[PDB]
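Each remark here refers to the structure printed beneath this line.
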Amino acid sequence: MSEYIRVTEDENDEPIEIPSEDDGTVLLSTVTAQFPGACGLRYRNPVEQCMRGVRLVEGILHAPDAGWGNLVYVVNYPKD
Amino acid sequence: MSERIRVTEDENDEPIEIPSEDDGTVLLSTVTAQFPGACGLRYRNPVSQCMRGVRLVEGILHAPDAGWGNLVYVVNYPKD
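Line by line, the protein sequences are chains F and L. Residue numbers for the first sequence follow this note's numbering, so the first one is 189 and each next one is one higher. Residue numbers for the second sequence follow this note's numbering, so the first one is 29 and each next one is one higher.
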């Protein structure tokens, strides 16, 4: 089954739901669809309450230990 | 023609329709053929009350297992 994630570009608005691949990874192109100019992904680990960045390779974001559907994610946005 | 997909950018006007492919895929060019530069698609997800986007890969949109009929609503628009 395809993993499911909930990202957010701006916390003042509503979060965005992203359908991931069955592989358990997320495709950056799906992010760029809703987020133009943006790339990358962040989240916070409930372990140390610190912000973290999701691993990316060739446009493919790699899920954490438990996967995607457990925490919230934030899309990396530049100043532009 | 194979499947058609309803989609709009603003609910004040009338939603348009784009021919999707039998493989559950839509071509970016077909979307931009309708919209003046729009990319990606999403909709009001009643499940999370957020905006759920659709899988995108190199300009090719990939429908979920259900298909396009459950996501036919709003098209995405980049800043460029």
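Beta carbons are placed, not taken as given, at the ideal position from N, Cα and C, and that holds for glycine.
In the three-state DSSP reduction, L/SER57 falls in the helix class (H, G or I).
Contacts between F/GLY225 and chain L, judged by CB atoms closer than 8 Å, involve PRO106, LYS107, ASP108 in chain order.
Taking 9 Å as the threshold, the shortest C-beta distance from F/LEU215 to chain L falls below it. Below the 8 Å Cβ cutoff, chain F contributes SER190, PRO207 as neighbours of L/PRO92, in chain order. Put simply, the backbone Cα of F/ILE204 is about 9 Å away from that of F/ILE193. Taking the beta carbon of F/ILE204 as reference, the chain L residues within 8 Å of it are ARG70, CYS78, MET79, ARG80, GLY81, listed in sequence order. If you draw a straight line from the Cα of L/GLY97 to the Cα of L/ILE33, it is about 7 Å long. Counting along the chain, L/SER48 sits inside the beta strand (DSSP E) bounded by residues 44–48.
In its chain, beyond the 5 residues on either side, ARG32, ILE33, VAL35, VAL54, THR58, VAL59, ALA61, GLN62 have a beta carbon closer than 8 Å to the beta carbon of L/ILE46. Our two residues, F/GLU202 and F/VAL262, have alpha carbons roughly 12 Å apart in a direct line. Check the Cα spacing between L/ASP51 and each of L/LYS107, L/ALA91, L/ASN104, L/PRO64: the tightest is with L/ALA91.
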